[PDB]
Ligand SMILES: Nc1c(NS(=O)(=O)c2ccccc2)c(=O)[nH]c(=O)n1Cc1ccccc1
Ligand SMILES: Nc1c(NS(=O)(=O)c2ccccc2)c(=O)[nH]c(=O)n1Cc1ccccc1
Ligand SMILES: Nc1c(NS(=O)(=O)c2ccccc2)c(=O)[nH]c(=O)n1Cc1ccccc1
Ligand SMILES: Nc1c(NS(=O)(=O)c2ccccc2)c(=O)[nH]c(=O)n1Cc1ccccc1
Ligand SMILES: [Cl-]
Ligand SMILES: [Cl-]
Ligand SMILES: [Cl-]
Ligand SMILES: [Cl-]
């Protein structure tokens, strides 16, 4: 007998094959900085914004130690970070089999370690997904090139009616973004997946399984949000310029984990002050210091 | 006797002195494009988002005809556009004396013709300002360099308690943005202003007058909004790159007046189709065409 | 012998509308200065002081207002209009009386160049008293341009304007040096199938006689693209990154006039006054007392 | 006589942290390729095939993994470590046995160069069998660098490292050519007040004997800044704008090896295979059948 009487995060950061070689020969894409910080800070900060404190980072065997050196066990930021390896890039849905013991009987959320988001009320957008305990929640976002993505088709009433992975003739311009919230059904659904035509375990098949059960919520992520492309060297550069323009204008940083932990009340002023000390001689540490004596609405 | 029984817009687009010379020797700043469209499209689109259909464009004598050629009388976009000249750059609050006959007994809103905004729920942010019929509404936005702006000081409860124009030691990092909503008190307040130390009629003195009457609402424009700097050649370039990254990612345009009029139901599908015809051979006209047969949430 | 310059700054049509609905592309700035400063600076660097600016009927007065007669910068500027965009070769019909019996050079008003020894690359073109000189430059999209084909020995053997199947990746740049033959060649041109008097036909005229020098503008040079919104932006970011790293401006005509000895220390000082309170005037004042090699 | 190359790719400290917390700056890409490809390409362009790469203890194995022994690219690469950032002059102590009795050249691992005839600017430096050659370049912020002062006749008369009051806007670039004297000069260096064995002291050693050639790297050259987050970004956008306009890559070592005749058509074909499905491999295959001037 079980007794009745929260949600766990996973970041998939398993590199990018040979696609961005030779730039990425020496290091994983998700460790490349976007402007002033490692790329993985952005998706990590996204889970943190969602209220998620227990997080599994999945990376290659080769680069797990570098992620561990960067991020540690999470204790500096009021988190618990665990690590797992992905020996072979067999697809996104593999995160649930690799993370099966990590997930246990809890709800979960998956984010791609190369996905950057920005916008107003993002916290509330994520909170509504997080609070849907049952079913799956995903986000749809209008893009120029939906053929590159999982694409969501809507009826005249706005109801999601189909999902297609990289269709040659997209039914809409609405791509499914790399942020996914799941209930306790996901690991079993994932265990029963067959590899696609490309020998790959597809997240879109998972989401379609939920859709078929009538348990997929598709929330629109509106045009006033920025979901930044990191798929090409060109988009990477644009991502960096975007973040720089925002931060240099505002004097506020996007996806600074120290700050988000501090505003979530996972760390206090004294602990924030300690995290500042080692980087006091650069703008990043000076930024952390300033946050101790400024009200930011 | 009067009988009881809406809001009018003004765009101040009077160039920028010799500050950006020689770039601006041949044309007004507010006619320079930001990426794919004239700069003035952005603030105009902002008033339109606010529901404002009756709009006065104030510019130099020299460049009024170029604005008129670009924008016409507004009828193509379901607007009414009127024009006035500013012979001498005597300051922002002068818009109310120049626009006194235009404003009549109505509520009003002023936007700077070089101010660009972007973000999620911007429509709702503007709608709440617009619906406050009484008093004045402005927006405060965290910036790196508040000393360049009107700066708003808040007490521990978040109440605005003072305003200072370009203080050497800012009380906060919260700048007052170039978007202002006013009731019928503004023209009289403006008529009674004395020129500042720089022989200039200050908008901050207007706003302070409302603050002193207890009739200033300061709404925070949060960090997830982008209020883009156009004060320098460097910021202008960043503004252009920002818009380009957003539009090329999304396949949706920022501050396309044809689109906003169409979504506000100020023009119909047949009229939108006609506006598309003359630019059918470029991406702008092709964009307008696509909007006729796509649902965009 | 004298060589006169022509800048063609005509219309880009509706192709960049609405950004260019109010004013022509070449009057807009690239970063910190009007686009036209860059081609003008190019001719000045080539040692050319007598220059005809050709633009649309609507915008010629505004070019006249921006640049004047040139005497502030040691130049002798004149102006003319191209009523319709009927081809680049039309520059020599419009500018026939301006050219007279002199050598000539044509630059396109939206073309930006940069690199080391640009002065000497131009000087060597300017020095050829006979024939015509053009520059070929490797580009990813040669189909947009006049395309030069070379034999195995490096010799130019053909030119095709916007070929559907380009013979090489070498584009002819928007800078052309001609001898006294070009007017008579241009006045015999017939309109092409797309309806224009083609500069590539003028160039093929010289090529058929062995009198077209096609010099390679190497990859260490920047010929920046201004044909799209995207490329206009890249040009702004390119000039800004160079200028902010070096503290030296690209295509500042006051500076170029001063280094050519066309204006003196005193005259550059007067030019610095009006913009003393901004970066451009500050730059020009610094030129008075800094040795730049 | 043989000239050997050294690339110093040491630590930037905590100054770019956290972006560089996980891995050193010079292993990160600039646009499409690892930063270190650019300085390596610079030495290769200078005709140097025997090259010692010096990095931090933690990252040397990763440079070893990226570049191998060099034989795929017609190079002979070796590796060594700088345990602590105790000065650029330390390169010659670490690399003493590597250098032996040969001429040498040092490039900083985070320095990017671009422009026309860069090959000939380097070649002329390489050809000087005696003394030392450096390059001076006008910058807005000379206080960050080794600063060269010139008399009215153009002669270098002093060097100051990071002066509070710089004597000119001319910075010494991160590229240095030395004769057989440099090791013996470096082994006599004492640490400066900031605690480093200074390359500027090595250069002043040559200057005191009339044996420092200070050549001007002109404004038509790009020496890009990689010292800040802002400048790293500008470098990426600068390389991208050049490469996308031209269809030609800056500092592709496979290409440079191929043009130097250090690898043949067959060997470049093998190098193209692994990345055939992306832009880099496609670029390299195209080099086999395209004449680029
Ligand atoms: N809004 C925000 C953002 N902006 S965001 O919502 O667009 C964002 C958060 C996390 C990752 C990427 C973007 C941020 O980077 N850092 C923050 O500290 N905040 C403030 C914040 C932090 C925590 C809870 C609610 C609000
Ligand atoms: N949201 C939006 C935007 N984005 S915005 O709110 O950030 C904005 C609007 C106007 C000017 C600048 C930004 C836009 O450019 N064009 C649009 O058509 N829209 C959609 C829209 C149009 C009209 C009413 C409500 C929503
Ligand atoms: N080289 C240079 C340049 N650089 S350039 O040759 O790449 C260039 C010249 C003109 C237009 C665009 C670029 C410049 O902007 N302004 C300058 O004063 N010079 C210096 C100069 C001036 C006059 C003669 C020879 C060299
Ligand atoms: N010029 C050039 C360049 N341009 S460069 O001289 O500005 C340069 C070389 C090396 C590193 C950075 C820039 C290049 O990237 N790759 C090349 O193959 N070349 C051509 C080349 C190759 C070998 C010898 C002489 C010229
Ligand atoms: Cl939205
Ligand atoms: Cl916000
Ligand atoms: Cl070259
Ligand atoms: Cl030069």
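Between region C:8-63 and region B:74-130, how many Å separate their Cα centres?
When both Cα centres are located, 32 Å separates them.
Against the globular-protein guess of 2.2 N^0.38 Å, express the Cα radius of gyration of region A:133-218 as a ratio, rounded to two decimals.
The value comes to 1.05.
In chain C, what % of DSSP beta bridges are antiparallel (nearest 5)?
So the antiparallel bridges amount to about 50 percent of the total.
Averaged across the residues of B:133-142, what count of C-beta atoms belonging to other chains lies within 10 Å of each residue's C-beta?
The per-residue average across the peptide is 1.
Using just the C-alpha positions of chain A as equal point scatterers, what log10 of I(q)/I(0) does the Debye formula give at each q in 0.08 1/Å?
Reported log10 I(q)/I(0), two decimals: -0.34.
Mind pulling the angle between the C-alpha long axis of helix C:199-208 and the longest principal axis of chain C? Nearest 10 degrees, somewhere in 0 to 90.
On a 0 to 90 degree scale, this one is about 60.
Which shape class, rounded, prolate or oblate, goes with region D:149-293 when its Cα gyration tensor gives a ≥ b ≥ c as root eigenvalues, a/c under 1.5 marks rounded, and past that a/b bigger than b/c marks prolate?
It is prolate, given that a/c is not under 1.5 and a/b is the larger ratio.
Compute a Gaussian network model of chain C, connecting alpha carbons closer than 10 Å, and tell me which residue from C:248, C:40, C:224 fluctuates the most.
Largest GNM mean-square fluctuation: C:248.
For region D:190-248, take every pair of Cα atoms, bin their distances at 5 Å starting from 0, and report each bin as a whole percent.
Bin by bin from 0 Å, the calculated values are 4, 14, 12, 13, 15, 15, 11, 9, 5, 1.
Return the average number of partner chain Cβ atoms within 10 angstrom of each residue Cβ along peptide C:214-220.
5
Mind listing P(r) for region B:203-297? All alpha-carbon pairs, 5 Å bins, whole percents.
2, 10, 14, 15, 13, 13, 12, 9, 6, 4, 1
Note down the nm distance, to one decimal, between modelled labels 7 Å out along Cα→Cβ at residue D:93 and at residue C:285.
4.7
Using only the alpha carbons, work out the radius of gyration and Dmax of the protein assembly as shown in angstrom.
Cα-based Rg and Dmax for the protein assembly as shown come out at 31.4, 105 Å.
In terms of the ratio Rg/(2.2 N^0.38 Å) built on C-alpha atoms, what value belongs to region D:210-293?
Compactness ratio reported: 1.39.
Taking a point 7 angstrom from the Cα of residue B:264 along the C-beta vector, which residues in region B:180-224 have backbone N less than 18 Å away?
B:180-182
For the pair residue B:169 and residue A:68, what calculated FRET efficiency results from E = 1/(1 + (r/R0)^6), where r is the Cβ-Cβ distance and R0 = 35 Å, to the nearest 0.05?
0.20
Would you please put B:162-171, C:226-235 in order of how densely packed they are, using the mean number of other Cβ atoms within 10 angstrom per residue and starting with the highest?
Answer by packing, highest mean first, reads C:226-235, B:162-171.
Averaging sequence separations of C-alpha pairs under 8 Å and six or more residues apart, then dividing by the length of chain D, give the relative contact order as a whole percent.
21
Compare C:33, C:249, C:155 in a GNM of chain C, Cα atoms joined below 10 Å, and give the one with the largest fluctuation.
The residue with the greatest mean-square fluctuation here is C:155.
If packing is taken as the mean number of other Cβ atoms within 10 Å per residue, what is the order of C:236-245, A:230-239, highest first?
So the peptides C:236-245, A:230-239, ranked by packing, come out C:236-245, A:230-239.
Which FRET efficiency, nearest 0.05, do residue A:297 and residue A:97 yield, Cβ-Cβ r, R0 56 Å?
So the FRET efficiency works out to roughly 0.85.
Tell me the volume per residue, in Å³, of the convex hull enclosing the alpha carbons of region D:1-79.
99
Taking only the alpha-carbon atoms of region D:16-147, what semi-axes of the equivalent ellipsoid follow from 5 times the gyration tensor eigenvalues under a square root, in whole Å, largest first?
Three semi-axes, in Å: 23, 20, 17.
With each label point set 7 Å from Cα along the Cα-Cβ vector, what nm distance links residue A:196 and residue D:101?
Between residue A:196 and residue D:101, the label points sit 6.4 nm apart.
Average projected area of the Cα convex hull of region C:82-207, in nm²?
Seen from a random direction, the Cα hull of region C:82-207 projects 8.6 nm² on average.
Roughly how crowded by other chains is peptide A:221-232, in terms of the mean Cβ count from those chains within 10 Å of each of its Cβ atoms?
Counting Cβ atoms of other protein chains within 10 Å of each residue's Cβ and averaging gives 5.
What is the Rg over Rh value, at two decimals, for chain D, using alpha-carbon atoms and the Kirkwood definition of Rh?
Across chain D, the Cα-based Rg/Rh ratio is 0.95.
Please report the spacing between the Cα centers of region A:13-73 and region B:25-67 in Å, no decimals.
44
Using only DSSP helix segments of four residues or longer, with each worth -39500 (n - 2.57), what per-residue ellipticity at 222 nm results for chain D after dividing by its residue count and rounding to 500?
-8500 deg cm²/dmol
Quick reminder, even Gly has a Cβ in these numbers, built from the backbone with ideal geometry, and neighbours come from all protein chains shown. Only the coordinates and a few stated rules stand behind these numbers; no lab work does.
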